[PDB]
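Residue numbers (the deposited numbering), protein chains in the order written: chain N, 4 to 237; chain Y, 17 to 42, 65 to 89; chain T, 7 to 272; chain S, 18 to 492.
Cβ atoms here follow ideal geometry from the backbone N, Cα and C, with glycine treated the same way.
Structure first, then comments.
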Amino acid sequence: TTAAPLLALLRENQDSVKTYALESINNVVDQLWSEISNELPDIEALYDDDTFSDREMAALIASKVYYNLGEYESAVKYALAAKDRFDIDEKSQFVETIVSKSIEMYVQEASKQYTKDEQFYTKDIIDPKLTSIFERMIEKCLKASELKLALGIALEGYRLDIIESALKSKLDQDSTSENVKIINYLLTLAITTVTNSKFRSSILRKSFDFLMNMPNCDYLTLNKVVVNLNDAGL
Amino acid sequence: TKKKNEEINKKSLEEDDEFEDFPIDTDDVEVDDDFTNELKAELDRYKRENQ
Amino acid sequence: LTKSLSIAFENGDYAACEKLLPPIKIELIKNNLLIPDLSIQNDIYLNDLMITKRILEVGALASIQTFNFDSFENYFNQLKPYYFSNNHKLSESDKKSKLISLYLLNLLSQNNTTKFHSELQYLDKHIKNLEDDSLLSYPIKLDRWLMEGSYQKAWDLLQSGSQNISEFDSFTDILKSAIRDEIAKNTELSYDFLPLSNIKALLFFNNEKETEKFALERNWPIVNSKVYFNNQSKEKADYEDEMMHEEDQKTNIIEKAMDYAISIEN
Amino acid sequence: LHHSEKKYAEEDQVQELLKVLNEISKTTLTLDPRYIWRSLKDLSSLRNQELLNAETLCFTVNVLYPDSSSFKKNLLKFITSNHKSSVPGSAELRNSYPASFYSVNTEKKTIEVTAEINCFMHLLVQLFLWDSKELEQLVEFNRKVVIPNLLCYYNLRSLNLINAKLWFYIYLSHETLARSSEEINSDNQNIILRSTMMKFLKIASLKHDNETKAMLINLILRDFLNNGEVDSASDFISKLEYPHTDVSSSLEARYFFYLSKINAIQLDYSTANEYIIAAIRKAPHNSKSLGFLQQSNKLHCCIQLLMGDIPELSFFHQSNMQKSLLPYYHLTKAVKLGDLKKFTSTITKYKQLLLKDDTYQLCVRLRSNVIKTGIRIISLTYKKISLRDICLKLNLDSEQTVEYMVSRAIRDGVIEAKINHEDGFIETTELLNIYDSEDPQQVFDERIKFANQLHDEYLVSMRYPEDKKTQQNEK
Numbered sequence: 004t005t006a007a008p009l010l011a012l013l014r015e016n017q018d019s020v021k022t023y024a025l026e027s028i029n030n031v032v033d034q035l036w037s038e039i040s041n042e043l044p045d046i047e048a049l050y051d052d053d054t055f056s057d058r059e060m061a062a063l064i065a066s067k068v069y070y071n072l073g074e075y076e077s078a079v080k081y082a083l084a085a086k087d088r089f090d091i092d093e094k095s096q097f098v099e100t101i102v103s104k105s106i107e108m109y110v111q112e113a114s115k116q117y118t119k120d121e122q123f124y125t126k127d128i129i130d131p132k133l134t135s136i137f138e139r140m141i142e143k144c145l146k147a148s149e150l151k152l153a154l155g156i157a158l159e160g161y162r163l164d165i166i167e168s169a170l171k172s173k174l175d176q177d178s179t180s181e182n183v184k185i186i187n188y189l190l191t192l193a194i195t196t197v198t199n200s201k202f203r204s205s206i207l208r209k210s211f212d213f214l215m216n217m218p219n220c221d222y223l224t225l226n227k228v229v230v231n232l233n234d235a236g237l
Numbered sequence: 017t018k019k020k021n022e023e024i025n026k027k028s029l030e031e032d033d034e035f036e037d038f039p040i041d042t065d066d067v068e069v070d071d072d073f074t075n076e077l078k079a080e081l082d083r084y085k086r087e088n089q
Numbered sequence: 007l008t009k010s011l012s013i014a015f016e017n018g019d020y021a022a023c024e025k026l027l028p029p030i031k032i033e034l035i036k037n038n039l040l041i042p043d044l045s046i047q048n049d050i051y052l053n054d055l056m057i058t059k060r061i062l063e064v065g066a067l068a069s070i071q072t073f074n075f076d077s078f079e080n081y082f083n084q085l086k087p088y089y090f091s092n093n094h095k096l097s098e099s100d101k102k103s104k105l106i107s108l109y110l111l112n113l114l115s116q117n118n119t120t121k122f123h124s125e126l127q128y129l130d131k132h133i134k135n136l137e138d139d140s141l142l143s144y145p146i147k148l149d150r151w152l153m154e155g156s157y158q159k160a161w162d163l164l165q166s167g168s169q170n171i172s173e174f175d176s177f178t179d180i181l182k183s184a185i186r187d188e189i190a191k192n193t194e195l196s197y198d199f200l201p202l203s204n205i206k207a208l209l210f211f212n213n214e215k216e217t218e219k220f221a222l223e224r225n226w227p228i229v230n231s232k233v234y235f236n237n238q239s240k241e242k243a244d245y246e247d248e249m250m251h252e253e254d255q256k257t258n259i260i261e262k263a264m265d266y267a268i269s270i271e272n
Numbered sequence: 018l019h020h021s022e023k024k025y026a027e028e029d030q031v032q033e034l035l036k037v038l039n040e041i042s043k044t045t046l047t048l049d050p051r052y053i054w055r056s057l058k059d060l061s062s063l064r065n066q067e068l069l070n071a072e073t074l075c076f077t078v079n080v081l082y083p084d085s086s087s088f089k090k091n092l093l094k095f096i097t098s099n100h101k102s103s104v105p106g107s108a109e110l111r112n113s114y115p116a117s118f119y120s121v122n123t124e125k126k127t128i129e130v131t132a133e134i135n136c137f138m139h140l141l142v143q144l145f146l147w148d149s150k151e152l153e154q155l156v157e158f159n160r161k162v163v164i165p166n167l168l169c170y171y172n173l174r175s176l177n178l179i180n181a182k183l184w185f186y187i188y189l190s191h192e193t194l195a196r197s198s199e200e201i202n203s204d205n206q207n208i209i210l211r212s213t214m215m216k217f218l219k220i221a222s223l224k225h226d227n228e229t230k231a232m233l234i235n236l237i238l239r240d241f242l243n244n245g246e247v248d249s250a251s252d253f254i255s256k257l258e259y260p261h262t263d264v265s266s267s268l269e270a271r272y273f274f275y276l277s278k279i280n281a282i283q284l285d286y287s288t289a290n291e292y293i294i295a296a297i298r299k300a301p302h303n304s305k306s307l308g309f310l311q312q313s314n315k316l317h318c319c320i321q322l323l324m325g326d327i328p329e330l331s332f333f334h335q336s337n338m339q340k341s342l343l344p345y346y347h348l349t350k351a352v353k354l355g356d357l358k359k360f361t362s363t364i365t366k367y368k369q370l371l372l373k374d375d376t377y378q379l380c381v382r383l384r385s386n387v388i389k390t391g392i393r394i395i396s397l398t399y400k401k402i403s404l405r406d407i408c409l410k411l412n413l414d415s416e417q418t419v420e421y422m423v424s425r426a427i428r429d430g431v432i433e434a435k436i437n438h439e440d441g442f443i444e445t446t447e448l449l450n451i452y453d454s455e456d457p458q459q460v461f462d463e464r465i466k467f468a469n470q471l472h473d474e475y476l477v478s479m480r481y482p483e484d485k486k487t488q489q490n491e492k
């Protein structure tokens, strides 16, 4: 069995014949991710031109070829370059790999930019499409309704908007007893992992506001914040 | 157990009995050169002599 | 329509085969869908598949005679996995033997022996043994005598090809020109100067003028109807030797010393 | 009779099971379960012969049955069923202990203990199947269960260590089914076989478990080789991630075997040398391992003859693999003497033996070599030899033919001569002396670099043992 017929039909000018070939390629990559590499630049040129009309499919295939080889970097840029064909990725739970790879790339970038200005998501430099994949991975944990995998992921990646909004939806005040808990776990975590001034300070300050908004609050928790931030203003 | 690993993996290339399949199916080279030489030396001699 | 093509071959216009092929290539999607693509084989599908093979096949032969390589090869890619299927479907044909023969001759004309032998290894089991060698004997022996070093034998096969031409000449021509080059290269080191008669005889040229054509292209002085190989070839060699590859692979004597010393001292 | 023997067998398994169960559940003691699992497999195989081998039947009967039950019933069905205590759960003697498995909690689904036990049970089943020569239904059934059984779970470093054995039997068993008999089904399922191996490999890159990578890659090469698909193997090898560091030396030797084979046929001989020499040294000299060795020597004989070397006769003189290697030996002879008529007779007579091993195709190609060695000989002997004399001796066709052999031979420079057409003779030009040249430097570079590498390996190895005993109590 061999992918070489498939490769050959693509050159033919006729669009109907090239498109049917893509679809055939997509279901042999699993193994043939080797022969196809020699001819992989043809698949790339058909996407790069706007001339083509089945563009998203062509990028998708080039990505799968890079993924199997393991040349991860190109795999992720080509996933994000099709823009659609992502529902395909989601209905494989054996490729959440590239999604994670995208998490890796994000976390590094965001963290750097955070210091200049806490916001940078919207920023042109940080490609919007990548921003959204980051939130999607997090959204899966939130379908399953565990807030601890969700915060976890956000923390590393220096994402303050997300942490605000998570905490708030479960600060509906079911009781004092529960409100009180949520805050305290967030202090212990923030202290011994993040030691960077600016990021830690920000987390703590939020935790202050939440208890403060609320007319009735334990004071035990409130003393801790005040001392640690050594912030007379609170 | 390092040794045991070797023999087992190897077995598939050896299959049933790549050891006994084959026999079930089926200057030291050079000959006595004294004789050749004896005769050469007399065959030379004869002609030499009667010339 | 599969019979429109069919008759196009018998008519003997292979230019007619060419212009009709592109509408059928959209149709050849539809033929593919008729077979479940070998998920299960039945006898209805044995019939369906017979038509598909026949179509691709008449298209292949056409491309060699119209000298368009690209199309021939692509079709050929397909054709192989088409023929190899299971143990025997209705893969066995008179055309089967014929098509293999051609493919191998092609690979020899590309002067790419790497793939030739690779393709040969694929054949060497079932098919080569059952069909014996009777059209296969033409590429096996050709490739074999060129390896052996007996050029005379490799040349005579090319000449005797005349009784069988139908599409084989499209390779015969390319292959010859490469053979004279081969001879010229071996005989370069052998001897610098050859009488006029012998340069011709070796390379099996019909005419002396053709000989001097090959000299000029080869950048060799003709001086008193005697070729001289030594000069340019040596210069060229020298120039070729200097590139950004073979500089790290030279290894300097001073560089060897350093590496021996520091390995002890790490 | 039945009762005693069956019982002892069950005990023996239970003992083994308990050891590895304590081991695997504590941190990253990885090496320990791995060494243990290997020894065990050997012990079990050796066991089967005496005091029954219905250990499997027992061993199912007293563990939690997730799908074990379904397999066991199939196996019994195969060798004509019997019932005497052959449904699992028929003896309750786990009794909700933690060691024999907490009976209730496995049922509640709060915890899973069956996972690793089921991988280990599949290994044991698989070994018995091959030892026995239980083919057809069992083989198919075993494969059908185990592939989705593994894709049902999620791998761990410890689970990765276990499937490094399981994948060898999935392959091997299928091959056996092709090897019984020709089926139209065997051609289809060959494809499926490749497909499941290929998927598991991709994931296993992500687990960074070298053990499984190495195993898998060897299996995958062997299949391409049977179909003579060199073009597809060539790209496959360019992937480059086949680990060596962690792997057992067996996997390095099968890998190198395959490398020699694939390089030689596509007309590369130089590098093919390094690989076959290496593959012989890595292989052990074990009594069961003698079959491998013959095979490696057949191939070596060939590689060398093509390259233009003469394997020592001496090496084959004191070997005992004699009867099998008779064909090869006669080839060596034909080349060494340059004798034209001998060569041809040798390959016609032995054709069938040579075909089995697939050395044959290499052997046709030595035809160019016979002639060349024979021209090598005439040159060493003679400084001016008329070309007319060479044409009679090697019974060459015409004056043009004799020239062309020498012409092409000097291109690789094996003979190094000069032909004089007009004077009608060959004059040797051979340097002979290469001490004067730069060459002596190059030869010594390899010698020195190999040597230095051996000192480094020693240093690193030496300290490790001594730490272990020093920690331990001693005088």
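Using a 10 angstroms sphere on the CB of residue 69 (chain N), the tally of other CB atoms reaches 16 or more, which defines it as buried. About 6 Å separates the Cβ atoms of residue 84 (chain T) and residue 62 (chain T), confirming a contact at the 8 Å cut-off. Contact with chain S is absent for residue 89 (chain N), since none of that chain's Cβ atoms lies less than 9 Å from the residue's Cβ. Following the DSSP letters along the chain, one finds residue 436 (chain S) inside the beta strand (DSSP E) bounded by residues 434 to 437. By alpha-carbon distance to residue 193 (chain T), the top candidate from T:208, T:120 and T:203 is T:208.
Under the criterion of beta carbons closer than 8 Å, residue 152 (chain S) and residue 97 (chain S) do not qualify as touching, at roughly 16 Å. Counting C-beta atoms within 10 angstroms of its own C-beta, residue 128 (chain N) has fewer than 16 neighbours from the protein chains shown and is therefore classed as exposed.
In the structure shown, residue 445 (chain S) adopts extended strand secondary structure according to DSSP, grouped into three states. Neighbours of residue 96 (chain N) in chain T, taken as residues whose beta carbon is under 9 Å from its own, are absent, since the nearest beta carbon is some 26 Å off. The beta carbons of residue 320 (chain S) and residue 379 (chain S) sit closer together than 9 Å. Contact of residue 253 (chain S) with chain N by beta-carbon distance below 7 Å involves 37. Contact between residue 197 (chain S) and residue 144 (chain S) does not hold, since their C-beta atoms are separated by about 19 Å, which reaches or exceeds 8 Å.
Chain Y has no Cβ within less than 9 Å of the Cβ of residue 441 (chain S).
Per DSSP, reduced to three states, the secondary structure at residue 403 (chain S) is strand.
Residue-level contact check: residue 384 (chain S) touches chain T, since one or more beta carbons of chain T fall below 9 Å from its beta carbon. Spanning the alpha carbons of residue 185 (chain N) and residue 142 (chain N) requires a straight line of approximately 20 Å.
Burial check for residue 196 (chain T): the Cβ neighbour count within 10 Å reaches 16 or more, so the residue is buried.
The straight-line gap separating the alpha-carbon atoms of residue 153 (chain T) and residue 451 (chain S) is approximately 29 Å. C-alpha of residue 313 (chain S) to C-alpha of residue 167 (chain T): approximately 42 Å in a straight line.
Residue-level contact check: residue 55 (chain S) does not touch chain N, since none of the beta carbons of chain N fall below 9 Å from its beta carbon. Not a single CB atom of chain S sits nearer than 9 Å to the CB of residue 72 (chain Y). Taking a C-beta distance under 9 Å as the contact criterion, residue 460 (chain S) and residue 443 (chain S) do not qualify as a contact pair. Apart from sequence neighbours up to five positions away, the residues of its chain that approach residue 64 (chain T) with a beta-carbon distance below 8 Å are 11, 12, 14, 15 and 23, ordered along the chain.
Closest by C-alpha distance to residue 259 (chain T), out of S:477, S:413 and S:457, is S:457. If you look at residue 20 (chain S), you'll find it in the alpha helix (DSSP H) that goes 19 to 41.
As a beta-bridge residue in DSSP terms, residue 233 (chain T) pairs with T:228.
Residues are counted here when their Cβ sits less than 8 Å from a Cβ of chain Y; for the stretch 295 to 315 of chain S these are 300, 301, 303, 305, 306, 307, 308, 309, 311 and 312, given in chain order. Per the C-alpha coordinates, the member of S:306, S:414 and S:474 positioned closest to residue 155 (chain T) is S:414.
The three-state secondary structure of residue 144 (chain N), taken from DSSP, is helix.
Bounds of any alpha helix (DSSP H) do not take in residue 36 (chain N), whose DSSP letter is neither H nor E. Within the stretch 213 to 227 of chain T, not one residue has a Cβ closer than 9 Å to any Cβ of chain S.
The stretch 153 to 166 of chain S makes contact with the stretch 177 to 190 of chain S: 3 or more CB pairs, one atom from each, lie closer than 8 Å. Proximity of the stretch 249 to 257 of chain S to the stretch 288 to 305 of chain S falls short of the contact definition, fewer than three beta-carbon pairs being nearer than 8 Å.
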